[PDB]
Amino acid sequence: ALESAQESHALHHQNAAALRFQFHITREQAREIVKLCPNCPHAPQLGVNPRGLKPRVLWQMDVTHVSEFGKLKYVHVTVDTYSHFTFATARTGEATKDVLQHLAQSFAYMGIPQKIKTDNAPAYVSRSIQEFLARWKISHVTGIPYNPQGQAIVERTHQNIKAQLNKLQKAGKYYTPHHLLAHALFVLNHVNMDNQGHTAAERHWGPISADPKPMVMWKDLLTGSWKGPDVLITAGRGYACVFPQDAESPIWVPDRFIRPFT
Amino acid sequence: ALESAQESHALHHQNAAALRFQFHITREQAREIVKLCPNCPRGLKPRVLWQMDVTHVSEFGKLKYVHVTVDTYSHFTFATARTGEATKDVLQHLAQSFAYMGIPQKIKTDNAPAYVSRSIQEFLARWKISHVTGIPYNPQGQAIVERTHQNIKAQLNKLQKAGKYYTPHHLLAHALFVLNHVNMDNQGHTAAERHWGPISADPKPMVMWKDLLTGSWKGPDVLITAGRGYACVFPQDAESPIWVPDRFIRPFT
Amino acid sequence: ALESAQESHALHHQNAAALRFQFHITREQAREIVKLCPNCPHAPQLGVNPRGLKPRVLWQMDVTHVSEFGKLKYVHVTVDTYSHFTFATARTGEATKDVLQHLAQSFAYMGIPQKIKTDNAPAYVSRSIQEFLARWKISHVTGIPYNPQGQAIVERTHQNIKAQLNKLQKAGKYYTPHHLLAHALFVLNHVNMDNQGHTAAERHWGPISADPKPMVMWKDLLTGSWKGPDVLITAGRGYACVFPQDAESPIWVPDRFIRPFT
Amino acid sequence: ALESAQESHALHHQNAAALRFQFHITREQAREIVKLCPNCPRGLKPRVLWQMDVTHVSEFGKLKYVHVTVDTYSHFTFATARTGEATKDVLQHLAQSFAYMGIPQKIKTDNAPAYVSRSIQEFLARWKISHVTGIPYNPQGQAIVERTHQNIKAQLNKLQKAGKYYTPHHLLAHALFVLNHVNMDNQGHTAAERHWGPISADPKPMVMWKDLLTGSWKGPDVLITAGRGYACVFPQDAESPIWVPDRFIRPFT
Amino acid sequence: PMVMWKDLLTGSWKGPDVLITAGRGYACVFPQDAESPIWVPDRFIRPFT
Amino acid sequence: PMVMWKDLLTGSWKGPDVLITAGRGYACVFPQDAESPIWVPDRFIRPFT
Amino acid sequence: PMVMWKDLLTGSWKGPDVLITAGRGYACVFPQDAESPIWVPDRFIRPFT
Amino acid sequence: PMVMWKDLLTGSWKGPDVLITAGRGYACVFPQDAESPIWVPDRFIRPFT
DNA sequence: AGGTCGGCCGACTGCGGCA
DNA sequence: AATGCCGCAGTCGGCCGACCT
DNA sequence: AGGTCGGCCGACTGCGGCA
DNA sequence: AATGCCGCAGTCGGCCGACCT
Ligand SMILES: [Zn+2]
Ligand SMILES: [Zn+2]
Ligand SMILES: [Zn+2]
Ligand SMILES: [Zn+2]
């Protein structure tokens, strides 16, 4: 019986499929046998990095290492998570004042959010940063330490910036590192157009607009059930957002938990 | 509420318009907040003609060469505290103004060598920017830069009561932020907003929102959607859209 | 015109999409503009690691580093590429005699191939190895240097072996490293059953039970055209094999070049 | 062809059956190849009952303790040149025989302590292997191991004309290879083949193959498929299947 | 709470009984049967009806 | 309830351990062996027992 | 050989003319027009007919 | 004909360079700058011009 | 006896990570 | 001179059994 | 005037690699 | 204490224009 299937599994750690044929059991029975194996250690899409619902809501910030410019490698980067509006500052360090330099510039460049998410670096943890945030009234999320995905928007942005800088550097000489960088920033927000025919800058501060959306069934992993159907707010490659009448706050999930309702 | 109006006034020293539009302050009261402060006494399209100028902020003494680019439409001001008046200083500023402002159709500068250089002319050709020589000096162009320089300096003077900056750039950037994103005109718009130009014939409906936590109507706020007897509205300072029983919503006209 | 589109692209490296809207050009025109950018730089499925058509045809061999056993980390591994029949020998080095030891054992364990593929290590390049190949009359492919995919079958096998060794070590104590290893080999070929109800050993020495196959259209990337239709020999996750009457030899390609013919 | 038959005979010294089945040699000629060589004078299912034994190959002197497991069905021989007769040596051998042979239904050993240990009994329980106690001696079981030991040693003796092995294990493994995979019985089958048991009521058709490169009939070879006037056959030593106009194919019965 | 679940080992519906918690598509079922808590895939949950 | 969990920092696989909470992409594990709660993403959590 | 290809820049069919080679789904078109060889995606090739 | 190509060994992107051949998962590049032909996977080849 | 529904099971898929 | 792979364990759709009509 | 076909264009997808 | 992403550049299917019937 299953007892002997388990016995054999414990002994040789036999393949669930093999257990089925050997013991004449179902797949699910075999799966449980191997699932209960403490000696038998798969990671499908599960969580999702949420974002602002309109411009100047949630920003994301981190730094990179553009070794090309020596000390100036410390580029500070901030991105409007709603519009994917980007901004970067080639500083010579990660001092409070370098963070603040970038910030001051980003206030002039981008404007002002309701909240901002950074990593767990001391460059953001410091009381002086918390002071600044208190003065400007901006909420601060640090995310989970050592999990780079908390900064996925700006990291992906870093790929874009890097590539942009490479193309532009190959294109010619620049007076300064900042000349190059500014050229890149210009392109990234005012030249680079999306598949809707709009620019990042345009999205960042464009006219308030919205399209009507269909109802979808929404799976809640904390209940293991499909809820709704209800009108989906938005979506994109791999993700979706919905905010039901009976919900406390907006719901961000992977789009594999969406089932368009007829 | 006005306590925090005063707080942010102490922090940025924004004008009466900005204060009252955000906090619903009697225009008179907003002016009182201002006068009691220790340091607070074109075409049809943006990104077309820009006005260029350079000043000498002695308060810096090294970065005193502040290069300035102003959108003549919106009056948006971009400025870079440079170390000189070289053609490369101009071009560096210009590159930065592209990142912040974009690329215009034409730019008006004076006849200084700092703009004359054929290398700049090349760049203007590259960016299809027509050059206005600046020869026809008049009170219009003069007022643009005069008001600009005074406004910049005014904000910089305001920030001398909170000299907690590491560089002239920290100071200036803060000033410019307030100047283009915080201060409001009589219609509640900012220079950045106008510069950007999203303002047009907006077809979206707005509604008065009975904020049931107060039992009163707020807004009007832009309505996002509706269904099953509730309306989904998303207020200015809200972090998310709010579902409210239709009976507490007033289609605003 | 396109000249100005190219001009602007050269200047700012403008997004093809942006060029479409800015210059009122087609997507493909915009794509060519950016494609011709010497300063601008995607890797879809293209090649495929082919395999034997029946047991004892093509074997694949490489080594790994099971640090658990110190010097014995030098495990030599050979796999029948047709049946995925595996064999491993925990040696204390990569000397001619360690390669040979494994080989001798694999001749007894697996049998004898027509040909065998290894990497470009001196452990296989050596004249003495080439001699063995001459004595045993086996063809030798070394693949492209530094491209691990030439050994993908045994590398994937190494993952399986590693995992098997881990779960078995967790299961208890072993007399020797070889005791553990042999147990793993036992499981891998005689216990672990596939989704057809057959073991690797069974596949290795089983009689050729051939199934009838449908005709498919086959794209040849050297001509840029669909050929056939003709009967597909086999396929698997990501790959397929066909051998037409007018073909010189069997054709191994990715299965995305297959279009089932009605 | 027979030149290479002789070559491989020099290399492995396979029997007359193997020689002639591979090279189509007159049985007499195959025997001639053998006699001219300087060193060449159950149930219905496999993996059921295995015969265990241990010998003393003095030629090694350290690894002389060769543990041997023979499938009584196929007569497949697996052997491990061990350093002793410990219960752990037996179990180590056993583990190796599982990798090469698999797990049987029962194993026959003698009554030595090397098998008696309850730890072994435990392992037999783990693998559901019934133990045949081997208490009485019998010429049948004795012939199994006697023939086995002689055959092993015979091959090992053959390989003394090419003592180019680094270890006893290189030597033995080579010998075992020939013994189970090269030498053929009167039906052309090998011990490994029989051990494995793929031989049954094979429904697949075989055809005579007119190898047009010679203009003669070969095989019969197992037919793989067919279509459009050609047949796809895959011969023993072929690298791949071969398409041949149907008229040059003869369904073999 | 009191929910019923498909016996992952036999297929028979068990309970409804003491569900402790849930998350990521699983339901940690665990009544006084100390032999083992059971994270049951959500698809096999049928709440007391 | 208890779960298995990967050590985000070093990559070492940890657990089984005390499950505190989970949902919406995150989880908390917290043995009294630890000084403070272990805050990790759902992606490294296995439904132990 | 003499094959015709869609002008990747205008859409007009060009040739048939001197194809040099092909591979990876592309056709390196290159007649005496030294301005540039052109690896044309195979889907745009129509051999002399 | 010519192509662009990645340096499999160091990872540095190389080319444009002398195309010799390609097909069935491989390519050959060979400048006279090199001592011998460059035999690489076709996954690293881009259709230069 | 035919229709509706559960479930029982095969088939297919995103994922990671081996070098 | 040749060229990514495949197990894990979820997930979907279909086929069949049981039971309701 | 309706039917057939090319092509012209949007929409969607495997991939890698940022930390 | 919160949670992967998105550009590239191929590839498929559909909509419409032109031209044949
Ligand atoms: Zn197990
Ligand atoms: Zn004031
Ligand atoms: Zn470019
Ligand atoms: Zn001989």
# chains A, B, ... in the order shown; residues from 1 in each chain; ligands from 1

$ residues_around --residues "segment 154-170 of chain D" --least-positions-apart "3" --cutoff "8 Å" --atoms "only C-alpha atoms (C1' of nucleotides)" --output "list in words"
residues 97, 100, 101, 104 and 105 of chain C; 12, 13, 39, 40, 60, 63, 81, 150, 151, 173, 174, 175, 178 and 179 of chain D

$ residues_near_ligand --ligand "ligand 3" --cutoff "12 Å" --atoms "only C-alpha atoms (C1' of nucleotides) and all ligand atoms" --output "VMD selection string"
(chain A and resid 163 to 172 187 192) or (chain C and resid 5 to 16 19 30 to 41)

$ residues_around --residues "segment 132-145 of chain B" --least-positions-apart "3" --cutoff "9 Å" --atoms "only C-alpha atoms (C1' of nucleotides)" --output "VMD selection string"
chain B and resid 49 51 to 53 68 70 72 75 106 to 111 148 to 150

$ write_last_selection --atoms "N, CA and C atoms" --output "PDB file, in the first residue's frame"
ATOM      1  N   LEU B  49       9.912  79.120 -27.980  1.00  0.00           N
ATOM      2  CA  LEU B  49      10.959  80.130 -27.849  1.00  0.00           C
ATOM      3  C   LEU B  49      11.432  80.252 -26.431  1.00  0.00           C
ATOM      4  N   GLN B  51      14.225  81.985 -23.633  1.00  0.00           N
ATOM      5  CA  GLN B  51      15.042  83.151 -23.387  1.00  0.00           C
ATOM      6  C   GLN B  51      16.255  82.797 -22.556  1.00  0.00           C
ATOM      7  N   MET B  52      17.420  83.032 -23.122  1.00  0.00           N
ATOM      8  CA  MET B  52      18.677  82.736 -22.464  1.00  0.00           C
ATOM      9  C   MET B  52      19.315  83.968 -21.827  1.00  0.00           C
ATOM     10  N   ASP B  53      19.926  83.776 -20.656  1.00  0.00           N
ATOM     11  CA  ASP B  53      20.662  84.849 -19.986  1.00  0.00           C
ATOM     12  C   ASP B  53      21.656  84.301 -18.958  1.00  0.00           C
ATOM     13  N   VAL B  68      20.807  80.846 -17.329  1.00  0.00           N
ATOM     14  CA  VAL B  68      19.371  80.721 -17.182  1.00  0.00           C
ATOM     15  C   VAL B  68      18.634  80.522 -18.499  1.00  0.00           C
ATOM     16  N   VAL B  70      14.669  80.327 -19.891  1.00  0.00           N
ATOM     17  CA  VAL B  70      13.273  80.508 -19.539  1.00  0.00           C
ATOM     18  C   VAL B  70      12.312  80.277 -20.684  1.00  0.00           C
ATOM     19  N   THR B  72       9.449  81.113 -22.698  1.00  0.00           N
ATOM     20  CA  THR B  72       8.706  82.367 -22.784  1.00  0.00           C
ATOM     21  C   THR B  72       7.198  82.166 -22.674  1.00  0.00           C
ATOM     22  N   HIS B  75       6.915  80.581 -18.675  1.00  0.00           N
ATOM     23  CA  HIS B  75       7.817  81.315 -17.808  1.00  0.00           C
ATOM     24  C   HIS B  75       8.555  80.368 -16.865  1.00  0.00           C
ATOM     25  N   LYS B 106      13.233  77.333 -31.076  1.00  0.00           N
ATOM     26  CA  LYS B 106      14.177  78.426 -31.192  1.00  0.00           C
ATOM     27  C   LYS B 106      14.592  79.004 -29.833  1.00  0.00           C
ATOM     28  N   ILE B 107      15.794  79.558 -29.778  1.00  0.00           N
ATOM     29  CA  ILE B 107      16.309  80.140 -28.541  1.00  0.00           C
ATOM     30  C   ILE B 107      16.910  81.509 -28.790  1.00  0.00           C
ATOM     31  N   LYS B 108      16.564  82.445 -27.922  1.00  0.00           N
ATOM     32  CA  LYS B 108      17.065  83.802 -27.978  1.00  0.00           C
ATOM     33  C   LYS B 108      18.176  84.032 -26.984  1.00  0.00           C
ATOM     34  N   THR B 109      19.346  84.375 -27.502  1.00  0.00           N
ATOM     35  CA  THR B 109      20.505  84.642 -26.653  1.00  0.00           C
ATOM     36  C   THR B 109      20.986  86.010 -27.016  1.00  0.00           C
ATOM     37  N   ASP B 110      22.039  86.475 -26.369  1.00  0.00           N
ATOM     38  CA  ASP B 110      22.620  87.740 -26.774  1.00  0.00           C
ATOM     39  C   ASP B 110      23.716  87.432 -27.796  1.00  0.00           C
ATOM     40  N   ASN B 111      24.462  88.455 -28.213  1.00  0.00           N
ATOM     41  CA  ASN B 111      25.517  88.296 -29.217  1.00  0.00           C
ATOM     42  C   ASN B 111      26.917  88.024 -28.651  1.00  0.00           C
ATOM     43  N   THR B 148      12.698  87.123 -13.922  1.00  0.00           N
ATOM     44  CA  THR B 148      13.288  85.841 -13.616  1.00  0.00           C
ATOM     45  C   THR B 148      14.410  85.948 -12.621  1.00  0.00           C
ATOM     46  N   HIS B 149      15.356  86.845 -12.878  1.00  0.00           N
ATOM     47  CA  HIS B 149      16.493  86.973 -11.992  1.00  0.00           C
ATOM     48  C   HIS B 149      16.059  87.437 -10.619  1.00  0.00           C
ATOM     49  N   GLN B 150      15.103  88.363 -10.569  1.00  0.00           N
ATOM     50  CA  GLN B 150      14.613  88.843  -9.293  1.00  0.00           C
ATOM     51  C   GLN B 150      13.907  87.753  -8.530  1.00  0.00           C
TER      52      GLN B 150
END

$ residues_near_ligand --ligand "ligand 4" --cutoff "8 Å" --atoms "only C-alpha atoms (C1' of nucleotides) and all ligand atoms" --output "PDB file with N, CA, C and O atoms, in the first residue's frame"
ATOM      1  N   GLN D   6      40.373 -10.047 -36.838  1.00  0.00           N
ATOM      2  CA  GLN D   6      41.591 -10.485 -36.197  1.00  0.00           C
ATOM      3  C   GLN D   6      42.158  -9.397 -35.302  1.00  0.00           C
ATOM      4  O   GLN D   6      42.622  -9.694 -34.206  1.00  0.00           O
ATOM      5  N   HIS D   9      40.095  -9.185 -32.306  1.00  0.00           N
ATOM      6  CA  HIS D   9      40.374 -10.394 -31.579  1.00  0.00           C
ATOM      7  C   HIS D   9      41.652 -10.172 -30.789  1.00  0.00           C
ATOM      8  O   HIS D   9      41.704 -10.445 -29.606  1.00  0.00           O
ATOM      9  N   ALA D  10      42.672  -9.611 -31.413  1.00  0.00           N
ATOM     10  CA  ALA D  10      43.888  -9.299 -30.675  1.00  0.00           C
ATOM     11  C   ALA D  10      43.607  -8.334 -29.505  1.00  0.00           C
ATOM     12  O   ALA D  10      44.224  -8.440 -28.445  1.00  0.00           O
ATOM     13  N   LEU D  11      42.689  -7.392 -29.705  1.00  0.00           N
ATOM     14  CA  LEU D  11      42.341  -6.418 -28.676  1.00  0.00           C
ATOM     15  C   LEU D  11      41.471  -6.945 -27.537  1.00  0.00           C
ATOM     16  O   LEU D  11      41.659  -6.553 -26.383  1.00  0.00           O
ATOM     17  N   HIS D  12      40.517  -7.814 -27.849  1.00  0.00           N
ATOM     18  CA  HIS D  12      39.568  -8.284 -26.846  1.00  0.00           C
ATOM     19  C   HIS D  12      39.532  -9.789 -26.738  1.00  0.00           C
ATOM     20  O   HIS D  12      39.220 -10.337 -25.678  1.00  0.00           O
ATOM     21  N   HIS D  13      39.886 -10.454 -27.828  1.00  0.00           N
ATOM     22  CA  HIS D  13      39.938 -11.906 -27.901  1.00  0.00           C
ATOM     23  C   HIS D  13      38.581 -12.533 -27.709  1.00  0.00           C
ATOM     24  O   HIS D  13      38.414 -13.499 -26.953  1.00  0.00           O
ATOM     25  N   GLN D  14      37.605 -11.977 -28.412  1.00  0.00           N
ATOM     26  CA  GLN D  14      36.248 -12.471 -28.357  1.00  0.00           C
ATOM     27  C   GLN D  14      36.124 -13.800 -29.040  1.00  0.00           C
ATOM     28  O   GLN D  14      36.933 -14.143 -29.909  1.00  0.00           O
ATOM     29  N   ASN D  15      35.093 -14.543 -28.651  1.00  0.00           N
ATOM     30  CA  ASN D  15      34.900 -15.879 -29.181  1.00  0.00           C
ATOM     31  C   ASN D  15      34.502 -15.911 -30.643  1.00  0.00           C
ATOM     32  O   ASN D  15      34.152 -14.886 -31.234  1.00  0.00           O
ATOM     33  N   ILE D  33      40.770 -18.262 -36.442  1.00  0.00           N
ATOM     34  CA  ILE D  33      41.214 -17.000 -35.863  1.00  0.00           C
ATOM     35  C   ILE D  33      41.483 -17.182 -34.380  1.00  0.00           C
ATOM     36  O   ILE D  33      42.478 -16.680 -33.858  1.00  0.00           O
ATOM     37  N   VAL D  34      40.602 -17.921 -33.715  1.00  0.00           N
ATOM     38  CA  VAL D  34      40.771 -18.197 -32.305  1.00  0.00           C
ATOM     39  C   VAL D  34      41.962 -19.105 -32.006  1.00  0.00           C
ATOM     40  O   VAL D  34      42.799 -18.760 -31.185  1.00  0.00           O
ATOM     41  N   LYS D  35      42.069 -20.259 -32.662  1.00  0.00           N
ATOM     42  CA  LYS D  35      43.156 -21.181 -32.314  1.00  0.00           C
ATOM     43  C   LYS D  35      44.544 -20.638 -32.630  1.00  0.00           C
ATOM     44  O   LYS D  35      45.530 -21.065 -32.031  1.00  0.00           O
ATOM     45  N   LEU D  36      44.626 -19.677 -33.543  1.00  0.00           N
ATOM     46  CA  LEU D  36      45.899 -19.077 -33.902  1.00  0.00           C
ATOM     47  C   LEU D  36      46.303 -17.926 -32.969  1.00  0.00           C
ATOM     48  O   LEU D  36      47.400 -17.379 -33.081  1.00  0.00           O
ATOM     49  N   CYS D  37      45.416 -17.577 -32.046  1.00  0.00           N
ATOM     50  CA  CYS D  37      45.647 -16.555 -31.041  1.00  0.00           C
ATOM     51  C   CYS D  37      46.478 -17.081 -29.878  1.00  0.00           C
ATOM     52  O   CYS D  37      46.101 -18.075 -29.255  1.00  0.00           O
ATOM     53  N   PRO D  38      47.588 -16.402 -29.542  1.00  0.00           N
ATOM     54  CA  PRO D  38      48.591 -16.738 -28.520  1.00  0.00           C
ATOM     55  C   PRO D  38      48.047 -16.905 -27.099  1.00  0.00           C
ATOM     56  O   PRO D  38      48.757 -17.400 -26.222  1.00  0.00           O
ATOM     57  N   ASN D  39      46.807 -16.514 -26.862  1.00  0.00           N
ATOM     58  CA  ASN D  39      46.226 -16.663 -25.549  1.00  0.00           C
ATOM     59  C   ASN D  39      44.783 -17.110 -25.628  1.00  0.00           C
ATOM     60  O   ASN D  39      44.035 -16.949 -24.665  1.00  0.00           O
ATOM     61  N   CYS D  40      44.377 -17.673 -26.766  1.00  0.00           N
ATOM     62  CA  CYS D  40      42.994 -18.097 -26.910  1.00  0.00           C
ATOM     63  C   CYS D  40      42.903 -19.585 -27.272  1.00  0.00           C
ATOM     64  O   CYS D  40      42.781 -19.905 -28.452  1.00  0.00           O
ATOM     65  N   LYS D 158      43.971 -13.777 -20.892  1.00  0.00           N
ATOM     66  CA  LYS D 158      44.083 -13.241 -22.237  1.00  0.00           C
ATOM     67  C   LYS D 158      44.661 -11.840 -22.221  1.00  0.00           C
ATOM     68  O   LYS D 158      45.512 -11.487 -23.044  1.00  0.00           O
TER      69      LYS D 158
END

$ select_by_dssp --residues "segment 117-198 of chain C" --states "strand (DSSP E)" --output "PyMOL selection string"
chain C and resi 117+139-141

$ write_last_selection --atoms "N, CA and C atoms" --output "compact mmCIF listing (two decimals), in the first residue's frame"
# COMPACT_ATOMS: atom_id res chain seq x y z
N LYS C 117 31.21 12.55 -27.44
CA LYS C 117 31.55 13.95 -27.42
C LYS C 117 31.99 14.40 -26.04
N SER C 139 34.45 7.62 -32.67
CA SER C 139 34.65 8.99 -33.14
C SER C 139 34.59 9.99 -32.00
N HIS C 140 35.40 11.03 -32.08
CA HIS C 140 35.47 12.00 -31.00
C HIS C 140 35.23 13.45 -31.39
N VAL C 141 34.19 14.02 -30.80
CA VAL C 141 33.84 15.42 -31.00
C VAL C 141 34.20 16.21 -29.76

$ residues_around --residues "residue 92 of chain A" --least-positions-apart "5" --cutoff "9 Å" --atoms "only C-alpha atoms (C1' of nucleotides)" --output "PyMOL selection string"
chain A and resi 70-75+98

$ interface_residues --of "chain H" --to "chain G" --cutoff "8 Å" --atoms "only C-alpha atoms" --output "VMD selection string"
chain H and resid 1 22 to 23 42 47 to 49

$ interface_residues --of "chain D" --to "chain C" --cutoff "6 Å" --atoms "only C-alpha atoms" --output "NGL selection string"
:D and (92 or 95-96 or 98-100 or 170 or 173-174 or 177 or 198 or 243)

$ residues_around --residues "residue 252 of chain A" --least-positions-apart "5" --cutoff "7 Å" --atoms "only C-alpha atoms (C1' of nucleotides)" --output "tab-separated table (two decimals) with C-alpha atoms, in the first residue's frame"
chain	number	residue	atom	x	y	z
A	48	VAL	CA	4.85	41.48	-7.60
A	50	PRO	CA	3.52	47.32	-7.02
A	240	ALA	CA	-2.28	43.54	-12.71
A	241	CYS	CA	-4.07	45.88	-10.30
A	242	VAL	CA	-7.65	45.84	-9.05

$ interface_residues --of "chain A" --to "chain L" --cutoff "6 Å" --atoms "only C-alpha atoms (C1' of nucleotides)" --output "ChimeraX atom specification"
/A:47-49,143,149,152,156

$ decode --residues "segment 13-48 of chain G" --atoms "C-alpha atoms" --output "PDB file, in the first residue's frame"
ATOM      1  CA  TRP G  13      10.431  44.692 -54.330  1.00  0.00           C
ATOM      2  CA  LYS G  14      13.982  45.006 -55.584  1.00  0.00           C
ATOM      3  CA  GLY G  15      15.789  42.853 -58.068  1.00  0.00           C
ATOM      4  CA  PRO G  16      15.905  39.927 -58.644  1.00  0.00           C
ATOM      5  CA  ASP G  17      19.613  40.479 -58.105  1.00  0.00           C
ATOM      6  CA  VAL G  18      22.904  39.231 -56.633  1.00  0.00           C
ATOM      7  CA  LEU G  19      22.363  37.391 -53.399  1.00  0.00           C
ATOM      8  CA  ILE G  20      25.705  36.547 -51.850  1.00  0.00           C
ATOM      9  CA  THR G  21      24.692  34.214 -49.100  1.00  0.00           C
ATOM     10  CA  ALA G  22      22.213  33.293 -46.404  1.00  0.00           C
ATOM     11  CA  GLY G  23      21.928  31.885 -42.898  1.00  0.00           C
ATOM     12  CA  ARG G  24      20.127  32.277 -39.575  1.00  0.00           C
ATOM     13  CA  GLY G  25      16.981  33.355 -41.397  1.00  0.00           C
ATOM     14  CA  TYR G  26      18.758  36.141 -43.319  1.00  0.00           C
ATOM     15  CA  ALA G  27      19.896  36.678 -46.875  1.00  0.00           C
ATOM     16  CA  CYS G  28      23.038  38.763 -47.425  1.00  0.00           C
ATOM     17  CA  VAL G  29      22.079  40.621 -50.557  1.00  0.00           C
ATOM     18  CA  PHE G  30      24.980  42.301 -52.217  1.00  0.00           C
ATOM     19  CA  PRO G  31      25.303  43.304 -55.884  1.00  0.00           C
ATOM     20  CA  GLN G  32      27.732  45.949 -57.118  1.00  0.00           C
ATOM     21  CA  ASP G  33      25.963  48.530 -54.884  1.00  0.00           C
ATOM     22  CA  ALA G  34      28.904  48.982 -52.521  1.00  0.00           C
ATOM     23  CA  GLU G  35      26.862  51.340 -50.291  1.00  0.00           C
ATOM     24  CA  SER G  36      25.994  48.315 -48.128  1.00  0.00           C
ATOM     25  CA  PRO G  37      25.470  44.517 -48.162  1.00  0.00           C
ATOM     26  CA  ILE G  38      22.032  43.749 -46.795  1.00  0.00           C
ATOM     27  CA  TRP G  39      21.073  40.814 -44.615  1.00  0.00           C
ATOM     28  CA  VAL G  40      17.414  40.625 -45.568  1.00  0.00           C
ATOM     29  CA  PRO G  41      15.071  38.581 -43.323  1.00  0.00           C
ATOM     30  CA  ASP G  42      14.152  35.462 -45.295  1.00  0.00           C
ATOM     31  CA  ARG G  43      10.425  36.255 -45.278  1.00  0.00           C
ATOM     32  CA  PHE G  44      11.112  39.069 -47.702  1.00  0.00           C
ATOM     33  CA  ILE G  45      12.832  36.888 -50.285  1.00  0.00           C
ATOM     34  CA  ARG G  46      11.185  35.922 -53.554  1.00  0.00           C
ATOM     35  CA  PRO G  47      13.625  34.094 -55.916  1.00  0.00           C
ATOM     36  CA  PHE G  48      13.671  34.956 -59.623  1.00  0.00           C
TER      37      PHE G  48
END
